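Protein chains in written order, with the authors' numbering: chain G, 150 to 467; chain H, 109 to 465; chain B, 363 to 433; chain J, 701 to 800; chain K, 3 to 126. For reference, the structure is listed below as structure tokens.
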Amino acid sequence: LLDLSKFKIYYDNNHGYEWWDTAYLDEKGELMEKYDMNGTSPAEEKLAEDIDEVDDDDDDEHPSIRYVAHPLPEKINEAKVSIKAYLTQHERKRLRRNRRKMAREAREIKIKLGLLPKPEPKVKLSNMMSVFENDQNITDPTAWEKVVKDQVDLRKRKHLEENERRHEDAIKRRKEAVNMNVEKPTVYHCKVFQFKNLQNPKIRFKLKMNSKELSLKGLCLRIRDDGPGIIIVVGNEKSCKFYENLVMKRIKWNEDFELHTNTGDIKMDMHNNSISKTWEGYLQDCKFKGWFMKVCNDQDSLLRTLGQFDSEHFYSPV
Amino acid sequence: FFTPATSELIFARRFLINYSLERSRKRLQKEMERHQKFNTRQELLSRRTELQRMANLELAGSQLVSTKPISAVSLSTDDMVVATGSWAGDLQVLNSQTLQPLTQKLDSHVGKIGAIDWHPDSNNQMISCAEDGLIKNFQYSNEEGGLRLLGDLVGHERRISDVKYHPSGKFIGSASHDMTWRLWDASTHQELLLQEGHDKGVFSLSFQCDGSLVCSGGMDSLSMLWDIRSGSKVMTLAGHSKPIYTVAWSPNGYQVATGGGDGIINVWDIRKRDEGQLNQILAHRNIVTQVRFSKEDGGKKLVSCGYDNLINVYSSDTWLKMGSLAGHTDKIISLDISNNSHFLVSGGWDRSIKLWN
Amino acid sequence: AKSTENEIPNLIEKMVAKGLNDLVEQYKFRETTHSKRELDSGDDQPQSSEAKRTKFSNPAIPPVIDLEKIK
Amino acid sequence: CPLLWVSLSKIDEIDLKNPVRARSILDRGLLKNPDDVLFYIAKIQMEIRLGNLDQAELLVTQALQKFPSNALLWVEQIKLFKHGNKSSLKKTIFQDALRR
Amino acid sequence: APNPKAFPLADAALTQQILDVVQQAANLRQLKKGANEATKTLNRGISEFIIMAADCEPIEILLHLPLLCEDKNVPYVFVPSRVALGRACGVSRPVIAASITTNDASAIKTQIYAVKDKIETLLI
Numbered sequence: 150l151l152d153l154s155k156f157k158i159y160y161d162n163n164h165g166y167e168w169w170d171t172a173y174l175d176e177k178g179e180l181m182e183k184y185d186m187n188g189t190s191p192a193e194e195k196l197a198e199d200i201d202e203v204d205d206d207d208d209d210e211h212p213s214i215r216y217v218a219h220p221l222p223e224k225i226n227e228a229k230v231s232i233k234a235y236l237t238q239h240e241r242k243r244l245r246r247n248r249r250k251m252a253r254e255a256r257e258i259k260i261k262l263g264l265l266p267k268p269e270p271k272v273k274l275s276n277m278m279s280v281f282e283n284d285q286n287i288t289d290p291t292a293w294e295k296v297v298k299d300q301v302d303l304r305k306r307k308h309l310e311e312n313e314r315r316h317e318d319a320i321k322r323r324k325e326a327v328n329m330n331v332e333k334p335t336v337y338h339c340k341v342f343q344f345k346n347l348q349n350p351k352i353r354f355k356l357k358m359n360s361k362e363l364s365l366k367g368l369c370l371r372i373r374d375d376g377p378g379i380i381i382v383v384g385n386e387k388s389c390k391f392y393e394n395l396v397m398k399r400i401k402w403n404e405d406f407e408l409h410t411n412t413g414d415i416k417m418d419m420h421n422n423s424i425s426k427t428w429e430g431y432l433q434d435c436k437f438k439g440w441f442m443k444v445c446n447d448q449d450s451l452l453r454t455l456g457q458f459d460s461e462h463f464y465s466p467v
Numbered sequence: 109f110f111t112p113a114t115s116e117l118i119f120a121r122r123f124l125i126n127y128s129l130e131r132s133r134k135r136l137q138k139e140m141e142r143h144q145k146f147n148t149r150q151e152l153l154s155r156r157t158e159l160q161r162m163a164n165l166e167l168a169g170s171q172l173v174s175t176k177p178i179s180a181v182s183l184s185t186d187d188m189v190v191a192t193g194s195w196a197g198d199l200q201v202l203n204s205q206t207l208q209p210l211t212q213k214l215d216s217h218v219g220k221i222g223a224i225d226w227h228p229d230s231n232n233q234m235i236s237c238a239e240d241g242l243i244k245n246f247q248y249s250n251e252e253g254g255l256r257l258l259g260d261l262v263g264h265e266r267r268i269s270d271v272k273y274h275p276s277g278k279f280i281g282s283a284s285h286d287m288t289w290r291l292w293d294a295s296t297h298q299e300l301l302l303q304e305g306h307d308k309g310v311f312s313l314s315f316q317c318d319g320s321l322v323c324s325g326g327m328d329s330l331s332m333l334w335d336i337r338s339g340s341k342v343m344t345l346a347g348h349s350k351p352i353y354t355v356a357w358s359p360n361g362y363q364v365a366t367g368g369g370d371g372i373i374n375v376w377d378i379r380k381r382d383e384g385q386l387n388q389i390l391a392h393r394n395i396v397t398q399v400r401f402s403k404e405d406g407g408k409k410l411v412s413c414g415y416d417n418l419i420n421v422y423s424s425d426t427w428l429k430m431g432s433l434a435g436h437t438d439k440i441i442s443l444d445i446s447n448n449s450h451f452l453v454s455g456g457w458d459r460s461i462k463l464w465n
Numbered sequence: 363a364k365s366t367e368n369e370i371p372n373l374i375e376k377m378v379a380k381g382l383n384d385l386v387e388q389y390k391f392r393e394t395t396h397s398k399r400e401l402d403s404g405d406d407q408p409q410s411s412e413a414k415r416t417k418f419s420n421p422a423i424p425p426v427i428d429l430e431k432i433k
Numbered sequence: 701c702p703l704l705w706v707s708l709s710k711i712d713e714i715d716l717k718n719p720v721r722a723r724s725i726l727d728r729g730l731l732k733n734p735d736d737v738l739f740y741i742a743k744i745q746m747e748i749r750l751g752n753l754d755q756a757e758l759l760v761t762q763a764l765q766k767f768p769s770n771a772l773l774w775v776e777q778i779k780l781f782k783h784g785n786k787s788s789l790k791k792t793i794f795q796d797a798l799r800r
Numbered sequence: 003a004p005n006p007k008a009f010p011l012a013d014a015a016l017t018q019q020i021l022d023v024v025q026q027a028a029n030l031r032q033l034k035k036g037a038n039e040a041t042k043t044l045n046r047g048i049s050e051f052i053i054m055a056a057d058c059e060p061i062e063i064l065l066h067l068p069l070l071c072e073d074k075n076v077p078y079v080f081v082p083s084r085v086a087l088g089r090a091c092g093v094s095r096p097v098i099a100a101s102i103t104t105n106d107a108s109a110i111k112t113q114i115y116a117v118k119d120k121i122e123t124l125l126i
């Protein structure tokens, strides 16, 4: 039975009456006939409402010849991206001057009339010898040195501490911030790449992790593991670009690699394998919920999978 | 909603309906006949052959033309010559195969030429549009001079993108960066329609070859399908995201195809009531500039050029990249397919017209 | 306008304070434009911390408030 | 191998009076390998040979955009300039070429 | 509302991107403010793309630049605000035209290229 099946398949291959490498061309007649019947007018769905009807010199009543429509032009909701108003260098400088000046003034007031702190002389190892406001400068020379060096360290330490604090706070913000930002995406850049093979783990890993990083909606489908397959990537434009770069410049697909298994480590020479950017467009609605990489046993299956997002058209069989 | 009228339009509208209807009926009959006499094998084989031919087109000859790039390239109905409008505003005409110029005409359009269409009635009163904001008929001659203008038609306020000739020959459609697309008379050279139906411009018109339904591809991505007669629409904007820079019917009224800025060519207005795309197509990496078909004269075969430096061909049942045409050095902005055979004539930012054979 | 009415005294000082706030929120290119400040306020909103920093900015951008307090 | 292509173009243009074919050939060559500047240079030369100079200039510009440092392109540009349409922006152009 | 002959006017996001690029360009000394400078750039061939102002009044002082670009095969846009453009460039005064220039070794090359591509897409 198996043999028979194989034979049949072979027969089909040599000259198929319709084969699913490239979708079927032939027009079914029965359906057409049915459509025609439905129409009933010898013209089409469009003209059907003229319905073999004649008024005066061929005119029609149900659709009026007289009137010209001026229907409501649907205004698209343009997202008000508040413009990054820049500053001239000079303006920036002025700002810096003024705020800083104000701060200084405040300090003066809050160190003169307030007396909230008191400003001590900023010693160093060069001032060390000439500062006498703090006592012990020759009296307790090593002590003095310790004090001054210590002070310096504190200053440096303080700076470093401040930096650390900043780093911390920023980190804290970022996690929260990301969570907060569930903005409504207006338009999605997309890129679909297809490849002859990816029996390399490394490449697959790269595809995964990068996608995860970049919030890149899409997928990576393929036929028979070793067979040819498609990457679809969708997202913000920069991310897409990055992905493309990774695919083309960073990864070497033609490079040789090792497959690790329980039986033995299999060296894979794949000079034949390559990658091409099939598409590089903009999609109206991005139906890809995440980055659902897959393998399929056959082409039909792959197509079906693709059409889970109402988009089989991405795959290009060659 | 907001509905006035005109008498000239009415006079013409009836004619349009008659003409459209009869032709439509004929087309339907032809279609019926075709399926009735078809068989699985031979037709399929023929299709395959055609596809192969399309694939193995190669850049035959590139004749440089203008100072700036070549917006429009339009082959005649007779298909002997091609008319090629540059951004400079000159529509040099070339004997298609040899691809040598006949004349130059810089003084015609001051602005960027939009699109040129030859008259479907053999008698070659080719129309052309521009950013100049007007359409111009040019009665073409082989012997005496190159061209001579007949009628200018100042109706549009803003720059025009595309003109077409309604299959009859009695009407000229002109779609523009202004809100409207306007249908004109061929005889008197005066208006009749103006469909205010887009928030931005109408970048392309295309008349269905029966002469009933016109697609107005807008810069809003609202590709509208206006019945000329009713003044009413059966639209789907749901195709495109970016502007719809081109649109063209498969001559079998069966299909419109709107080519986009998004790059996706959407192909629709089908027998199906839900109006669903049997397929979309991934046309060009960058934008699509022109989409054409060629079932007038021969079989239906999508050919498209884009800002990707690649004209490419799709079978109009499957919708699949049957093969790219590396030929242009730079962007490609227009493209016409020979009515009869396999012979593409396309123009671009290379500032040259190019043949494929 | 409504927003301006309730919380915002809408002088130069107030504007300055607002600007400062966005910088502390974490600005690079001059925060955002202000048609009547309403837009700016809206933009700030995501940060969600308006009223504290204007009560601080008048203590700094002059010291008059501080002086008053002292006296 | 651009040389072969160039030769073919020459044959098309000079021997038989049909530049169009030559141009097409050149284009094809270019498409077959856009990595090399040689094809571009050849095309430019061809353009120069015939009356069309604006086109040549455009080509040169394109080449520069693609590969700026290539000296042959610069040379071609210089040659074009020397023709004497500008007879100006000449020294500046030279300087630019030198820089690049 | 903006002038019709100012074309192609860049879409909001696109405009913003362009402005950002300009700012970067300004920082890098890669940019050349002003009609005349822009014109010079075009003549040279250094211009990567030309950024114009829709609210330039009188518009027709601008409208040679587009022609020049067309003749040179250089992408060009209009943004809507001259003031904004000026700010981006780093000039409190209204700038109407600018050129981001060529320099292979720039950090912002990629950015510039992207913008150019966008501009090209706009044109038709």
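Where a beta carbon is used, it is the ideal one built from N, C-alpha and C, also for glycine.
- Option nearest residue 216 of chain H by Cα separation, candidates H:185, H:191, H:256: H:256
- Item | Cβ pair residue 218 of chain G, residue 111 of chain H closer than 8 Å | yes
- Query: From residue 201 of chain H to residue 223 of chain H, what distance separates their C-alpha atoms?
  - Reply: Cα to Cα, residue 201 of chain H sits roughly 14 Å from residue 223 of chain H.
- Span of the beta strand (DSSP E) holding residue 338 of chain G? 337–344
- Item | Residues of its chain near residue 290 of chain G, where Cβ-Cβ distance is below 8 Å and the 5 sequence neighbours each way are ignored | none
- Counting only beta-carbon atoms, is residue 459 of chain H nearer than 8 Å to chain C? Included in the structure are the protein chains G, H, B, J and K, with no chain C among them.
- Message: Any C-beta of chain H within less than 7 Å: which residues of the region 720–752 of chain J qualify?
- Response: Listed in sequence order: 720, 721, 723, 724, 727, 728, 730, 731, 752.
- Under 9 Å between beta-carbons, which chain H residues line up against residue 123 of chain K? List them in chain order, please. 350, 369, 394, 395, 415
- With residue 118 of chain K as the anchor, note down where its beta strand (DSSP E) starts and where it stops. No beta strand (DSSP E) holds residue 118 of chain K; the alpha helix (DSSP H) holding it covers 111–125.
- Closer than 7 Å: is that where the CB of residue 213 of chain H sits relative to any heavy atom of the ligand SAH? The ligand SAH is absent from the structure shown, which contains no ligand whatsoever.
- DSSP three-state assignment for residue 287 of chain H, whether helix, strand or coil: coil
- Query: If you run the structure through DSSP and keep just helix, strand and coil, what is residue 444 of chain G?
  - Reply: coil
- Query: From which residue to which residue does the beta strand (DSSP E) around residue 259 of chain H run?
  - Reply: Taken as a continuous stretch (DSSP letters only), the beta strand (DSSP E) holding residue 259 of chain H covers 255–261.
- Considering only the beta carbon of each residue, do residue 455 of chain G and residue 356 of chain G sit closer than 8 Å? Cβ atoms of residue 455 of chain G and residue 356 of chain G: not closer than 8 Å.
- Item | Closer than 8 Å at the beta carbon, the chain K residues around residue 266 of chain H | Neighbours of residue 266 of chain H on chain K, chain order: 6.
- Message: Please tell me whether residue 435 of chain G and residue 387 of chain G are closer than 8 Å, where the distance is taken between their beta carbons.
- Response: No, Cβ-Cβ distance for residue 435 of chain G and residue 387 of chain G is not below 8 Å.
- Query: With residue 352 of chain G and residue 400 of chain G assumed to form a contact (beta carbons below 8 Å), what rounded beta-carbon distance in angstroms separates them?
  - Reply: 6 Å
- Task: Would you mind telling me which residues of chain H sit closer than 7 Å to residue 72 of chain K, beta carbon to beta carbon, in chain order?
- Result: 176, 195
- So what's residue 95 of chain K in DSSP terms, helix, strand or just coil? It is coil, neither helix nor strand.
- Spatial neighbours of residue 459 of chain G in its chain, beta-carbon cut-off 7 Å, leaving aside the 5 residues before and after: Answer for residue 459 of chain G: 436, listed in chain order.
- Message: Please report the straight-line C-alpha distance between residue 351 of chain H and residue 365 of chain H, rounded to a whole angstrom.
- Response: 14 Å
- Does the beta carbon of residue 307 of chain H come closer than 8 Å to any beta carbon on chain J? No, its Cβ sits nowhere closer than 8 Å to a Cβ of chain J.
- Task: Tell me whether residue 311 of chain H sits in a helix, a strand or coil according to DSSP, three-state version.
- Result: strand
- Could you please tell me which residues of the region 412–433 of chain G, in chain order, have their CB closer than 8 Å to any CB of chain H? 426, 427, 428, 429, 430, 431, 432, 433
- Message: Any C-beta of chain K within less than 7 Å: which residues of the region 335–367 of chain H qualify?
- Response: 353
- Is the region 156–174 of chain G touching the region 140–154 of chain H, taking contact as three or more C-beta pairs under 8 Å? yes
- Message: Starting from residue 407 of chain G, trace the beta strand (DSSP E) in both directions and tell me its first and last residue.
- Response: 406–408
- Query: Which of helix, strand or coil does DSSP assign to residue 392 of chain G?
  - Reply: Helix.
- Message: The beta strand (DSSP E) that contains residue 55 of chain K, what's its start and end?
- Response: 49–55
- Message: For a test of the three-state rule: what should DSSP assign to residue 247 of chain H, helix, strand or coil?
- Response: Looking at residue 247 of chain H - three-state DSSP - the assignment turns out to be strand.
- Message: Nearest by alpha-carbon distance to residue 124 of chain K: which of K:35, K:90, K:78 is it?
- Response: K:78
- Task: With a 10 Å radius around its C-beta and 16 neighbouring C-beta atoms as the bar for buried, classify residue 241 of chain G as buried or exposed.
- Result: Its Cβ having fewer than 16 others within 10 Å, residue 241 of chain G is exposed.
- Spatial neighbours of residue 197 of chain H in its chain, beta-carbon cut-off 8 Å, leaving aside the 5 residues before and after: 214, 216, 217, 218, 219, 220, 221, 238, 240
- Message: Once DSSP output is grouped into helix, strand and coil, what is the label at residue 45 of chain K?
- Response: helix
- Query: Residues of chain H with a CB under 7 Å from the CB of residue 223 of chain G: which are they?
  - Reply: 307, 330
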